[PDB]
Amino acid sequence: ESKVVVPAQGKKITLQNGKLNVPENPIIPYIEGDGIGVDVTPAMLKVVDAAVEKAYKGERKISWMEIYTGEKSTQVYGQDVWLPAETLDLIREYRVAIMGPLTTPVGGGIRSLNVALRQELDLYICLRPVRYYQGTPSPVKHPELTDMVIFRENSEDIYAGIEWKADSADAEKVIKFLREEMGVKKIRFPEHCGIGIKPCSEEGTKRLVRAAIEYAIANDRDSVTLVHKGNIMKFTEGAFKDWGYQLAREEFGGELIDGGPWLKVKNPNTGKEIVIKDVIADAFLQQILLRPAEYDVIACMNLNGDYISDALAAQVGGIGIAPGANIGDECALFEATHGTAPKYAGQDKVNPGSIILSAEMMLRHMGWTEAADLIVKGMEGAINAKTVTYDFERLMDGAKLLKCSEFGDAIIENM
């Protein structure tokens, strides 16, 4: 008994030849989000509607359709309905959707609803661009040097969720198999030992890296860096790196730079030579602080991508305004990347910048680049004006403190 209401006015986005066909009146599902979702989502809807209205002079308008996942879903659909099958169907059917932060319960056997959405819908790209907005308080000296785009593999790695508890019958069965059938002698303590499995495939790797290189081409970026810990994990992380370079050679004409191992890929549109290179993951966490200007598009596995995107967001002062998308071949889900911060829920206090910039990505994904540009311009102006929410204000001198809703308005005021 669906409680979703399909908008009377509005038409479904469709997909033909890997190209989105977006009508003037697209229906866009949104999940409000739990906790501060109640604050940031209304601000997002208003900012997006204003950008769309202004950009296309009223010719285009989104028909927002609320759908459910998280604690709110339990209130709507019932007790154990954290992720209704209907939500998976609707996101796939309508092609483009956006969500606030989600509450995943503890003590009931769910790792992460965000991860569940990504995997169930096969949204294999976690796309997280990290740039600096002039005027943002930052813990680093030169945050303006950071302008990167993270392509985080979203469907494999240790995120597969394949593991067994220490002392469980299953764990002991796996360990026995490893020691006795596979001849494994490297388990230091085989008793009271939890076990996890890390898969990495050629297909999984290459579809991710393919998207990263296509993005570098489409957006005239300077380089793609494969980040990995392949010196220790030779057959997963090392394989990821090798397959990435191979893909560049086989599909994009990548040629050896000097004596290797870096490659150059010719941008078929601009003639720019895009560098394909690689950095070991621990060293990369140093490089993003010490030589940020040398990095651009980043391609990495699921866990590394999780870490890198957080580290980069922190350094640009963007912990609360970091945008994110999850993109697959059939649909895409844009998301606030911060948590539910329930202590502030309903106080109209927190920064709606993250979900707003994820909506910017959404508009851009829809081909509505003018509306997207207006959001960027608005965000830039508001931050430059020092008219900001508490999280920025408390780190600044001479700023004007704005509520969440009010910061949404300041963004519009600056379009």
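Residue numbers run from 1 along the displayed sequence.
When the two stretches 14-22 and 402-410 are set side by side, the higher mean Cα temperature factor goes to 14-22. Between the stretches 69-77 and 274-282, it is 69-77 that shows the larger average CA temperature factor. Ranking 244, 129, 100, 84 by Cα temperature factor from the entry places 84 first.
When the Cα B-factors of 172, 310, 122, 237 are read from the PDB record, 172 comes out highest. Per the PDB record, residue ranking by Cα B-factor puts residue 349 in the middle third of the chain. Residue 358: CA B factor lies in the lowest third for its chain, per the PDB record. Residue 324 sits in the lowest third of its chain by CA B factor, as recorded in the PDB entry. The PDB entry assigns residue 163 a C-alpha temperature factor belonging to the middle third of its chain's modelled residues. For residue 210, the recorded CA B-factor ranks within the lowest third of the chain. Only modelled residues enter the ranking.
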